[PDB]
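Undergrad: The structure is given below, and queries will be raised subsequently.
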Amino acid sequence: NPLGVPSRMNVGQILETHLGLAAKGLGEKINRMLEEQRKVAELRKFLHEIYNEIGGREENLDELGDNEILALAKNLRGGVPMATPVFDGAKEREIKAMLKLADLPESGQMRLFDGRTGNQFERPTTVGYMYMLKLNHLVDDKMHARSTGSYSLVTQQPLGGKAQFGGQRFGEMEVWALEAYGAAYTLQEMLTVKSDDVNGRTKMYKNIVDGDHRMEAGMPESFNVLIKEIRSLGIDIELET
Amino acid sequence: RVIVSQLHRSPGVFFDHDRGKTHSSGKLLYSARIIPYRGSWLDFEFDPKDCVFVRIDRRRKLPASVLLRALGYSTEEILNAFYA
Amino acid sequence: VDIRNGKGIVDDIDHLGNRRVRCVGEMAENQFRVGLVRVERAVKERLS
Amino acid sequence: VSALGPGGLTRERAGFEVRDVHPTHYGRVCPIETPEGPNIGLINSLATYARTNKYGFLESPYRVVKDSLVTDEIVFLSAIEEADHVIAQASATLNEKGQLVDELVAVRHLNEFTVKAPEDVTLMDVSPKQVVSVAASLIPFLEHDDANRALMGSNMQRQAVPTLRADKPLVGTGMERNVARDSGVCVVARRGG
Amino acid sequence: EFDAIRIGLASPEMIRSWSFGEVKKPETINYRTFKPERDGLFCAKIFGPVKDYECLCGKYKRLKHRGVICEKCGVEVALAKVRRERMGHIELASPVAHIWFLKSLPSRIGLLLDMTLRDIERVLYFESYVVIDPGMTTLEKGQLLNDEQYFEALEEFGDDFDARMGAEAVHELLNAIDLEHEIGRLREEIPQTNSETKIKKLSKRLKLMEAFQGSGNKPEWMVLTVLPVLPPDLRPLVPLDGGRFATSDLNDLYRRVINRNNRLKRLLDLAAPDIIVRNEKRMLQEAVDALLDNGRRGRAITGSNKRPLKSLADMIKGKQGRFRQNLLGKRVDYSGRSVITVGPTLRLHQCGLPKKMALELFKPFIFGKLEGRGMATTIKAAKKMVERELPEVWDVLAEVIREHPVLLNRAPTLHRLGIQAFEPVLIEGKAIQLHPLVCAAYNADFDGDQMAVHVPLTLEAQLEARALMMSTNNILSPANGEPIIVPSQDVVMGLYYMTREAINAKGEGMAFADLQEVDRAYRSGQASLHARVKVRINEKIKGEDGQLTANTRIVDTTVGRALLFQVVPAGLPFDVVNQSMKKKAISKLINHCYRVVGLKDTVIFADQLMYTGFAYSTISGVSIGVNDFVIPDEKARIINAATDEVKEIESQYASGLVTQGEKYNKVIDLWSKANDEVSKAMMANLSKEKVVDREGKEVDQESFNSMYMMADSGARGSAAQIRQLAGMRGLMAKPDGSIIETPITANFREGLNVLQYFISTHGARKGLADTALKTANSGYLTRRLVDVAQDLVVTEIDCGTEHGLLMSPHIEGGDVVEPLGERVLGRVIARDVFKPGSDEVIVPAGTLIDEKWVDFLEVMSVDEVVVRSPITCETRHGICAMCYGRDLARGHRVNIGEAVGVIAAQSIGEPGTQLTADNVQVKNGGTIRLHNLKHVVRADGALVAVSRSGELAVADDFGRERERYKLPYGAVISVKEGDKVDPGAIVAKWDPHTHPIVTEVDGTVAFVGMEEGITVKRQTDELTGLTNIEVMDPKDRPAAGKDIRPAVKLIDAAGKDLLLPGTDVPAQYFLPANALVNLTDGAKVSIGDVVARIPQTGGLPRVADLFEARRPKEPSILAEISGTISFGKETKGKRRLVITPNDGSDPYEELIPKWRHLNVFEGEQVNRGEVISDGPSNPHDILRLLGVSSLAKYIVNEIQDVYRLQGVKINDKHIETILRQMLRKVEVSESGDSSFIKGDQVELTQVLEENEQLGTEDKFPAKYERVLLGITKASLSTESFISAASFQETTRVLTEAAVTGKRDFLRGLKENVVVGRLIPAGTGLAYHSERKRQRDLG
Amino acid sequence: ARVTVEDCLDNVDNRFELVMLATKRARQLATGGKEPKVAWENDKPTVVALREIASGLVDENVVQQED
DNA sequence: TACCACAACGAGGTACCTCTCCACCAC
DNA sequence: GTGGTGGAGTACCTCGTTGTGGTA
RNA sequence: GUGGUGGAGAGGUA
Ligand SMILES: [Mg+2]
């Protein structure tokens, strides 16, 4: 999405894409003179032309033609690896000169063709080769899902780990968001019978498999746990019935 | 496993004059801290009413005169050495 | 008293000079020293 | 290089001073490679040319420059000793004999940034990359990306996954050879043969 | 059922009633013998059976008798779960003091015993005795003494003087308290002394005694003789693989205390030495302390682990500190999560769903359906097919999914839109497909966000989701009626690109009979997407309700807009799409369509519009390349000019002519000006960067640079970001906040030097570091807000009160900040609305203001209206539906049962993350009007206004004040009231620069006491800069001149004594130091002469400070009562300026210490509401003096200033609702039915006053003062203790409940939450209503 | 069609009681004690109940009498 | 005797994922 | 394995209330 | 007629 560029002010994507397009163009080009069975002299002189252009320095004529240049061309056929330092790196005009050397459109943009309608997009677009990575955040270890399972012995509530087949915690902000809606039956349901009701979970299982959704309310055991510990704190707790 | 290099405060003396609302006034040329590589940290507080308080790391504010006397300097010899 | 009286300037903890980076050797030696003093007090209690 | 742990500030004593970059971090601690989140700035990374001192402080490399000529000698300097010297940026006009031809050259006298005259400079940096981290040195065109995106780019670079058949990046920073050798994953010739 | 949860103290008798045993063995289950031990921490004799329905020897394995207790197997056979309810006690060798009632900030026992906690701490550790039954002896009950004194007292007295030591002494004190006698003595003593502190202490003593007596609580229960034990299941020890066991901390604490109790008993029965026995008593006291709580005194530690032991208070606090995870968090079954994925082929009401998550979640539904239709007979077969996933199971899975709404929420839910319901659609994958329009509400980008899913089970819950939580239902933000399901970046880009115009494009100027013709031409490719064309169109207009008028009209438009209009529903004019269609325009169009056409058609339009925007953004080849960033050619010249100028300035500074500080400001000003010039030039270059030829002459037009559409369309980016991208980046700021004196001349396309990157790193790290702390602060603030306002719910339908808030457009400054109509939208009126000519009822009564009504008000010249507010709506326990305006998420009025408090709190707290003078110069041409102006015309008619209160309003030709200005004291104004003043005129020519002392009287004054050196000094400046006499300072004066104060006796020109109106004394104001008396003594001064001249944050912290109403360090010193002011007596150090009101002279006027500068002028009008000395504005004194509505207005304006600074828009309804929650309590002055002074709910006061009116006496009615409470303070002072218990201070609030014996009727939201009952609000309102009906009525 | 949860919400002007009556109607459907006076379009009891109330053919009197 | 410096208590964001690692003694 | 259990090493936030012993 | 997770530490994601 090009729209992600202007907000997050990182132009490196665009410059990298242009330079990678140039690199792939050069790789394809040398691939074609390699397929054209060009003599080593043509390859050597073209490579020197590449390496005399702007920066760094060439070292050819110290490499044996048939061995070193041919091995280098065979390796480079997939695209010339550019080396740009962090701040002593490639200038824009250098990329432009390389692009025009790569016989690619100067502005680094071309009009593309839609792959379904076949209609050319009216404005030329930026294409090129960008070094894309894949992070250790695959969904295969992210997709957890729980219907029912073991619960904590103290409070009969689902455990919290995808490893433990746990259920997400409806945090205190979530309940605020629920009560912001007038939805209270679902709030009471998720609070009592979906979690922390020994005599409610079994019976709503019965109801669901019977196709009824009645959901007798019940009384959470976590609250009675609080009651028991407060009583153990030497504080009299009771309900007026 | 790898051990990550810890970046910490180098032991020694450090002088602070950070302005704070503690004095409820303009500013105070605040205390100084001596930090040992191992041991207790001595702090030399500066009272808002132009006074110097000295305390151990886990001790309440005490006047520097106590430390000066404990060091053996006379109540007048220390004054003659420091104030004049 | 010089700093309070205007002579000199206060220190700045921002300077990386006022900070220092340890390395595995330093804390290894520190742990070794701690274990050493424990063994030493044990020996002194025994080898008395 | 981290600041937590024993004898170190906890995440509940964050404040701002420890979590902020200062001019003294130049060339010693990478100012942009640090995890975004609860521990930001607390846990940083050393510069590419970072160097602990005999006393455990950080030293950074610089080339001593004579008023005109840039002497090829190289010295490692700590933050406290950088006070007197006026340090010039590693990139500047040169007369092809070591003479800085620029009239007003950007410098830092006492950790403040301004321009100065070549007759006034005393030290000038080794490489521009001596400021950023190793991961920070690996992003091409880093000069064209904002600091936040640089930080995130380094962070995700830290979390890449080796593919089935790795392919060298067509665009690189030249540091890939150095880091590849320095990591032990590559079989290296102990003796020539 | 049940109700009315109670709180009380533990009576050892009823403790034993609770207990099922007396645990005597500290050890627990035997590892070697897998069994618990008799009298152990898990003894079956006490707690119950290990395995259900079994006895110790297994004598009764049968399940027939479920209650019998076997003979050899004494522990009764019973159900296994009973181990959770059964509790036991420990019999202590000695009574021990409870820590909470001792270590809470007010020491309960010390308060009951009327002396400090130092003494009880001494006695609790057997350090000092205390006299018991002093009788007729020199000793007294309160006396405490040491060992030598104890022996001497025993020798001299012998008997009738019993000295005790320890917690048992405290216990013997407690039952010897004579609560009735003590309460009577305290009541008698309370009025005897008029000292404030002592009467406060006596009041607290009386409060405690009354609470104990009414509660029936016995204070002797405070020091417990026995204590309960936690049931074993709640303190379980779990073993791990390899023979490892993991025991809870409570078990260790119990083992410790039991060990120490056994030690006590066995050393006691042999009469151990007294020192040893008291030492053991002390360690047992410390051990039980450490058990019942930790960290308060000793900070007990576990073995070989630095983590402190987690005592009971840590359990009652729950996880996450005080926000009880088990009680409120409560992880929920039938839940899952995954990463998001944008589904553009999704209708708004539907969302994607992975197959496996669907089959896992709905598994019981699958089982039910499979058994029903018959392919499942046993459930084992059903599990077999679901695990193998036959093609059959997909059919039933799709069927159950078909009409079952699913519930979705993101991780940080900041408002109810953070969690929404959808109708799931099965997809093949592992990611959750999401509707792109809803991402804005969720604030969820697809950069890796994980999205949590839930499913509602009951028909009730599914209907609640579909009818109330469906994404279609919630379109407008609850914070403000602005829509929230709005086109985001890409669809906005597509729409904006479609709605452009090219000067010379293919097919321009040719006409179309219908939109379909336009589509046919464009899809054929023979017509440009954007070319000026004509087309006759069929627009259906709803100008009059009930008849949708259709008309055809030929219109000059572009092709793209014509194509777009086919999507628009049939209730809007086509002209609403003929413009460029930017993001704000799109938002306005959506909001307009919703209020006009409806909701179903509105969402249809939204989906169609998204589809079109996506499609034509895909068609558009919009892309970003390095050539798009255009650097203006003039940038180099501007930079060179700036460099030359700064080099010249640096040379000037080096020469020494320029100082460093001035140079820094000059160079930063130069750089800022250069940056602004560069940005302006580059923006002008980019915007108009388009030259095209239209049949001959070349012309210019709007740019089509891709980044230019990205900026201008508002899809993504900002002008500041363009400035950094294609322009010089400006100044960066040092960590100290100082701007670096050297800027970044380069942009991002140019690349940056290492130094410039280093400084940008300073800035970026500043922002990133501040981000996390801002989020934490916002979270704390919103939690406090939702907790303080959770209970408030729309309960009544119409209070009918005729009080409102006189509410006007935000005019601050010379420009209109907020239009009046926008402020009043969605509200209801509080009185008649009148034409500028009176008696013309425009809007009669509390009629809801709508779009028609706001347009009507705009049609008239309405400027000020009074609207009903929740600060009004005196209804008890709730809020009426009128005084709260229209619902925000609904175009309709609110409905009874809507938790507006929670909605308000979420709305106010959601945007927390986004946070962080001489004369009067008229702006425009308008009629001049004066407001609150009190001044007498000068000799020449200058009309200098020494009055502090006064403002200038420039009324428009219509009559409304387009701008207002505040007139300072001593302001000379060209008074032409009603005469239109040209724009930019300086009508008033104030120039204080000093505190001028006006002279409303005339004549030759007599500066008496003006001693040259002792009171005054004729000190003249250089070059004859002044011919005056400067008054001598009270300290710099002579010893006798220190008391000498100059006094200009008011004499006329001939010698006639002049006196101020109202009060007989002359206007002979004293001439203090630093005054300027340039008028010659004895010179006749005209009216208004200046006698003496005396020369004179933001973000989350600011809003939090406002919501706590904290007192600033030096608040503005305000007037008490209007009248004649006086001068302050600096001799005492506090300026005592007495007030002499003309109607009645009330001398009471406090003395302001001179440490703070006071700008008040003596002998002036006091102006009760006005300010005496400047400073920040305190809230409480506005409440107690200025009133309520004034305070609400000030608070609302102060908060909305901060919010409008960041551009975030919020309706004032929410802040006003919070304000209502603040002011729920009132303080009484003279009750006649309650305590003299008490902060009690205004509902209580209203009920008591109403009862007493038609009651015992008319004089029993109470006079009370309204009191303001901060949110954290107010929430802790709720009637229901449970809510405060779950908020903070759980120890403190629990102790208050215990000592007060509080009973909580669960009549709030959070209480019904924690107990698991239905919400009192929402759909549970009917259930609560019927419950109250059946309970109260029999 | 779909649930007319907007227009029907205006008729009762509550959007809560609507849910209440809807729940009772859907329970009547599930228990089989009544017939859908709206012709089924192959969907579950909740949505047919919403259609029944939206079309205005069932209300508190109708629900009580059918009970 | 009403301010006042000083000390202590009490708060300081949600949700999720990964890893390792868990009282000593002692006849 | 089954009873039995006490201190040298550590101190490095940041407000905001709230209660307290000191002085004017 | 029966169904199996505490705490700490570190790192990471949004
Ligand atoms: Mg994200």
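Chains as they are written, first to last, in the UniProt record's numbering: chain A, 1116 to 1356; chain B, 147 to 230; chain C, 438 to 485; chain D, 535 to 727; chain E, 16 to 931, 947 to 1126, 1135 to 1376; chain F, 2 to 68.
Every residue gets a Cβ at the ideal spot worked out from N, C-alpha and C, and that includes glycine.
#1: Across which residues does DSSP place residue 197(B) in a beta bridge pair?
#2: For ligand 1, I want to know if residue 460(E) counts as a neighbour, meaning its beta carbon is within less than 6 Å of at least one of the ligand's heavy atoms.
#3: Is it the case that the region 41-51 of chain F contacts the region 949-965 of chain E, given that we only count it when at least three CB pairs across the two stretches are under 8 Å?
#4: Who are the neighbours of residue 12(F) on chain E, taking C-beta pairs under 9 Å?
#5: With three or more C-beta pairs closer than 8 Å as the rule, is the region 357-371 of chain E touching the region 1303-1319 of chain A?
#6: Going by beta-carbon coordinates alone, are residue 641(E) and residue 1259(E) separated by less than 7 Å?
#7: Please compile the residues from chain C whose C-beta is within a distance smaller than 8 Å of the C-beta of residue 155(B).
#8: Name, please, each residue of chain C whose Cβ falls closer than 7 Å to the Cβ of residue 642(D).
#9: With a Cβ-Cβ cutoff of 7 Å, do residue 422(E) and residue 471(E) count as a contact?
#10: Rounding to the nearest angstrom, what Cα-Cα distance links residue 459(C) and residue 562(D) in this structure?
#11: Under three-state DSSP, which class holds residue 604(D)?
#12: Examine chain B for any beta-carbon lying closer than 7 Å to the beta-carbon of residue 539(D), and answer yes or no.
#13: For residue 785(E), which three-state DSSP category applies?
#14: For residue 624(E), I'd like the list of residues in its chain whose CB is within less than 6 Å of its CB, leaving aside the five on either flank, ordered along the chain.
#15: What does residue 19(F) touch in chain E if you count any residue whose Cβ is under 8 Å from its own?
#16: Can you find the residues in the same chain that come closer than 7 Å, C-beta to C-beta, to residue 1064(E), ignoring five residues on each side of it along the sequence?
#17: Residues bridged to residue 649(D) by DSSP?
#18: Only counting the same chain, and skipping five residues up and downstream in sequence, which positions put a Cβ closer than 6 Å to that of residue 799(E)?
#19: The beta strand (DSSP E) spanning residue 179(B) covers which residue range?
#20: Does the Cβ of residue 870(E) lie closer than 6 Å to at least one heavy atom of ligand 1?
#21: Quick one: Cα of residue 696(E) to Cα of residue 531(E), how far?
#22: Is residue 433(E) helix, strand or coil when you go by DSSP?
#23: Would you say residue 1194(A) reaches chain D, if we count a Cβ-Cβ gap shorter than 7 Å as a contact?
TA: In brief:
#1: Beta-bridge annotation (DSSP): residue 197(B) is paired with 193(B).
#2: yes
#3: no
#4: Here the premise fails: no neighbours, minimum Cβ distance about 11 Å.
#5: Result no; under three Cβ-Cβ pairs closer than 8 Å.
#6: no
#7: 450, 455, 456, 457
#8: Under the 7 Å cutoff, chain C gives no residues; its nearest Cβ is about 14 Å from residue 642(D).
#9: yes
#10: 14 Å
#11: coil
#12: yes
#13: helix
#14: Same-chain partners within the cutoff: 582.
#15: 482
#16: Result list for residue 1064(E): 1072, 1103, 1168, in chain order.
#17: 640(D)
#18: 1309, 1310
#19: Unbroken beta strand (DSSP E) run through residue 179(B): 178-181.
#20: no
#21: 43 Å
#22: helix
#23: yes
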